[PDB]
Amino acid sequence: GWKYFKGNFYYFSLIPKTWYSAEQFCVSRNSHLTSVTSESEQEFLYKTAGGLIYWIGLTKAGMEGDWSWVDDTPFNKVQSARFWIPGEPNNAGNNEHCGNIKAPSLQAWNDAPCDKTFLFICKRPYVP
């Protein structure tokens, strides 16, 4: 059930999990919760999500609470600014340290508590 886009396969889960249990599922399938590195990938993801909320690979790193990608893609604060929902990340309840795709818009991301359960998206490279 993996979908193909620009050199990567993506798995849109049918069962919801916490952010970390989701990541562990992806890891068990030789993948990671997805990074987002272009407008075209953001568009593929939010369009495919079809208005449902999915965990993606966004999570905090370092003392300073900087956002990062679990697949180790360097996080580009400048180039990613256009991808959050207006007002996010807002760090609500001082307890939102993971990120999901929420709005079907280029401005799609929300920060949410890592222990909330949502559907999730794994990303696996194709290696010819």
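Each residue number is its position in the shown sequence, starting from 1.
When the C-alpha B-factors of 89-97 and 70-78 are averaged, 89-97 comes out higher. Of the two segments, 48-56 and 79-87, the one listed with the higher mean B-factor is 79-87 (C-alpha atoms only).
In this PDB entry, the Cα temperature factor of residue 31 sits in the middle third of its chain's modelled residues. Residue 114: CA B factor in the middle third of modelled residues in this chain (values from the PDB entry). Sort the modelled residues of the chain by CA B factor and residue 15 lands in the middle third. When the modelled residues of the chain are ordered by C-alpha B-factor, residue 21 sits in the lowest third.
For residue 124, the recorded CA B-factor ranks within the highest third of the chain. Only modelled residues enter the ranking.
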